[PDB]
Amino acid sequence: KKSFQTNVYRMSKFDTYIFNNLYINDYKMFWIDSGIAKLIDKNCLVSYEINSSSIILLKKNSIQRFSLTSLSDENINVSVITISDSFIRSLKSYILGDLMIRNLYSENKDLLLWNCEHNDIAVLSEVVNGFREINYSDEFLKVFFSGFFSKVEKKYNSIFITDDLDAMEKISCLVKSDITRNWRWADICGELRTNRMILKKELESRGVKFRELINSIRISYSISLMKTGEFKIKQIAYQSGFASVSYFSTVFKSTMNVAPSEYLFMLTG
Ligand SMILES: Cc1cccc2c1[C@@H](CCC(=O)O)CCC2
């Protein structure tokens with residue numbers, strides 16, 4: 001069970017979630033349970049409709065800019081699964097046992113879509129229900145998720161499970177290992193022993209400057225702390241490395257379109 005962190009958000013008619021410079025700290029997937037939603041991806045400048053069988057995948061270490069809008073009147077529950085790095089790395093012996101195909105894939109897609117059948121959605125639902133009803137062996141989930149990811153990578157002809165030595169993974173592991181450190185460019189270069197010229201590409205490829213990058217990682221770090229049931233916003237701001245509650249709230253509102261305490265309540269309730 002520890003391999004997954006899950007949440008279910010309610011969404012009334014024609015209301016919209018809006019995410020800007022949302023940093024994806026760990027592999028995430030989401031789907032709606034009924035009705036129709038509109039997804040506008042500002043990174044790919046595309047909009048499209050999703051239904052109860054559309055699974056949307058967000059790649060680890062991407063910077064997401066999209067909105068999700070309900071086009072139903074009946075309320076909609078959005079389920080989100082965050083997959084722990086421990087579990088992702090246990091899959092490697094399944095995805096990369098098929099590596100000669102995988103070298104020919106590209107690395108441009110951060111938000112992937114899968115139209116699946118009922119069984120796939122029954123499995124992910126039970127994941128979202130904390131396996132209260134059906135329990136699943138570690139081998140079943142490893143086979144299921146590795147097979148799921150390789151189907152989606154095949155569809156887009158692009159790698160989804162990145163590898164450890166990717167520059168942006170090194171930057172982001174480093175920042176997350178010491179969230180309250182006063183990070184500057186010079187620290188990244190010195191820890192990774194890598195020229196600014198080369199590391200720079202990972203931030204411009206994602207449309208961020210250094211400050212918005214650090215801020216996005218800290219917002220996700222703070223969202224992770226809110227999910228643990230820690231409830232004090234003032235503590236969460238300082239624990240996530242911000243210098244004031246005001247600055248944390250301003251960045252949070254800019255990223256999530258909701259105030260930190262509004263989000264903290266969407267979790268515990
Ligand atoms: C709050 C929400 C509602 C609907 C969809 C999505 C979200 C957040 C999930 C928050 C997280 O896990 O950090 C971002 C990904 C997709």
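Yes or no: residue 40 more than 16 Å from residue 80 (Cα to Cα), assigned to a strand (DSSP E or B) and of a type in the set (A, V, I, L, M, F, W, C)?
Taking the combined requirement at face value, the residue satisfies it.
Which one is surrounded by the fewest Cβ atoms within 10 Å (Cβ to Cβ), of the residues in the range 16-49 that are within 14 Å of the ligand (Cβ to nearest atom) and among the hydroxyl-bearing types (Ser, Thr, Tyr)?
16
For residues in the range 20-47 being hydroxyl-bearing (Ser, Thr, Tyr) and touching a residue at least 24 places away in the same chain (Cβ under 8 Å), which is nearest to residue 251 (Cα to Cα)?
23
Identify the residue in the range 143-199 that is of a type in the set (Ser, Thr, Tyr) and over 20 Å from residue 58 (Cα atoms) and, among all such residues, is surrounded by the fewest Cβ atoms within 10 Å (Cβ to Cβ).
Ranking the qualifying residues of the range 143-199, first place goes to 177.
So which helices (runs of 4 or more DSSP H) stay within the range 98-182 end to end and still have 3 or more residues that are at positive phi?
Here the list is empty.
Run residue 7 past the list (1) within 9 Å of the ligand (Cβ to nearest atom); (2) surrounded by 16 or more Cβ atoms within 10 Å (Cβ to Cβ); (3) more than 22 Å from residue 207 (Cβ to Cβ); (4) not hydrophobic (A, V, I, L, M, F, W, C) and report the number of the one that doesn't hold.
So the condition that residue 7 fails would be (2).
Quick one: residue 62 ticks every box in (1) within 14 Å of the ligand (Cβ to nearest atom); (2) on the phi > 0 side of the Ramachandran plot except a single one, so which number is it?
Against the list (1) within 14 Å of the ligand (Cβ to nearest atom); (2) on the phi > 0 side of the Ramachandran plot, residue 62 comes up short only on (2).
I'd like to check something: does the range 170-181 contain any residue that is within 22 Å of residue 44 (Cβ to Cβ) and β-branched (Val, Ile, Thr)?
Within the range 170-181, none of the residues are within 22 Å of residue 44 (Cβ to Cβ) and β-branched (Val, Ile, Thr).
Just give me the residues in the range 232-261 being touching a helix residue (DSSP H, G or I) at 6+ places or on another chain (Cβ under 9 Å) and within 11 Å of the ligand (Cβ to nearest atom), in sequence order.
255, 256, 258
Check whether at least one residue in the range 69-82 is assigned to a helix (DSSP H, G or I) and more than 14 Å from the ligand (Cβ to nearest atom), and report yes or no.
Looking through the range 69-82, none of the residues is assigned to a helix (DSSP H, G or I) and more than 14 Å from the ligand (Cβ to nearest atom).
Please give the number of the condition residue 13 fails out of (1) within 16 Å of the chain's Cα centre (by Cα); (2) more than 10 Å from the ligand (Cβ to nearest atom); (3) over 20 Å from residue 268 (Cα atoms).
With (1) within 16 Å of the chain's Cα centre (by Cα); (2) more than 10 Å from the ligand (Cβ to nearest atom); (3) over 20 Å from residue 268 (Cα atoms) applied to residue 13, the lone miss is (1).
Checking residue 229 against (1) touching a residue at least 12 places away in the same chain (Cβ under 8 Å); (2) away from the ligand (no atom under 16 Å from the Cβ); (3) outside any helix (DSSP H, G or I), only one condition comes out false. Which one?
That leaves (2) as the condition not met.
Would a scan of the range 3-16 turn up a residue that is on the phi > 0 side of the Ramachandran plot and among the hydrophobic types (A, V, I, L, M, F, W, C)? Quick ask: steps written out before the conclusion?
Looking only at the range 3-16, we keep the residues that are on the phi > 0 side of the Ramachandran plot, and these are 14.
Narrowing the set further to residues that are among the hydrophobic types (A, V, I, L, M, F, W, C) leaves 14.
So far as the range 3-16 goes, yes, one or more of its residues are on the phi > 0 side of the Ramachandran plot and among the hydrophobic types (A, V, I, L, M, F, W, C).
Read-outs: derived from the displayed coordinates by stated rules, not from any lab. Here Cβ is always computed from backbone atoms with ideal geometry, including for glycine, and neighbour counts include all displayed protein chains.
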